[PDB]
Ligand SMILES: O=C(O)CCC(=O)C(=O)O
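This document starts with one chain, in the form deposited without 2-oxoglutaric acid, laid out as structure tokens.
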């Protein structure tokens, strides 16, 4: 790339926790992602419950697509691996391709609410690394928006949010028949997580958030402590805007068996009360990890999980 630009990118990420990377992918790569993911999407049937559980069962998720792991590590590596160098550099870490997600919003929808990566990186240790590449598959413009807003970790150091969240989850799990509707309980529980409302977030960050425009081929890179949300799409441009999102970890990122168990317990409890059937894409990262943990782990590191270890070369820089 430019070299001077690659230096500004490193610099920015080091200050904010994130950076917009312009023209990192080519229109051919974008197109292949559009087709592959459209096809994948057409085959499976997917609910709003696993994206809801991930952000704490709060049920202010207003997206259209919220699909996890529609495509495998090998498809992703195919266009991502040649980029891991730039990212490893920008972050000074050693990045592994892990799981992914497809999100879409229709005009006049809230999409995702303010949040940090505590849902996305639930099965890993809070203090171990995590970052994401958000690839918009539909143009984000000044007049129609529908993009994202994001806040410098300088202004809002999201790491603390992970603890508040876990306290909230621990409370979810204390739910009872006697308590009434599960979702209503979870939503009016007087936890700390529940006091942190959009009014409070706004008061905390003021106008410190940023919101950029994106032509196809641009992407947004951000660590798991960046507070971010979807912005509503104004009508008259896209019937639907999609983003494909790649989750990355570090060579040394370890599994957090404890948070993992909390989620399973909450998920379990929820689907039992609501008679629902959570479906997970064979080769979902979450399922793979859950099993390595339920067998018992020989090591703390993700890299040493059988399947990850076998496919490791494809997941990391060349």
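Positions refer to the first chain, counted from 1.
FYI, the form deposited with 2-oxoglutaric acid bound isn't displayed, but the following is about it.
Asks: How about residue 201: is it within 4.5 Å of 2-oxoglutaric acid in the deposited complex, going by heavy atoms?
Replies: Result no; residue 201 lies far from 2-oxoglutaric acid in the deposited complex.
Asks: May I ask you to check whether residue 182 falls inside a 4.5 Å heavy atom distance of 2-oxoglutaric acid in the deposited complex?
Replies: No, residue 182 stays farther than 4.5 Å from 2-oxoglutaric acid in the deposited complex.
Asks: Mark residue 247 yes when one of its heavy atoms lies within 4.5 Å of a heavy atom of 2-oxoglutaric acid in the deposited complex, and no otherwise.
Replies: It does: once 2-oxoglutaric acid is placed as it appears in the deposited complex, residue 247 has a heavy atom within 4.5 Å of it.
Asks: Given that 2-oxoglutaric acid is not shown alongside this chain, does residue 103 nevertheless sit within 4.5 Å of it in the deposited complex, heavy atom to heavy atom?
Replies: Judged by the heavy-atom cut-off of 4.5 Å, residue 103 is in contact with 2-oxoglutaric acid in the deposited complex.
Asks: 134, 222 and 241: each with a heavy atom within 4.5 Å of 2-oxoglutaric acid in the deposited complex?
Replies: Yes, the whole trio is in contact, each within 4.5 Å by some heavy atom.
Asks: Exactly one stretch in 107-115, 182-190, 210-218, 164-172 has heavy atoms within 4.5 Å of 2-oxoglutaric acid in the deposited complex; which is it?
Replies: Result for this chain: 107-115.
Asks: Exactly one residue in 227, 95, 80, 148 has a non-hydrogen atom within 4.5 Å of 2-oxoglutaric acid in the deposited complex; which is it?
Replies: Here the answer is residue option 148.
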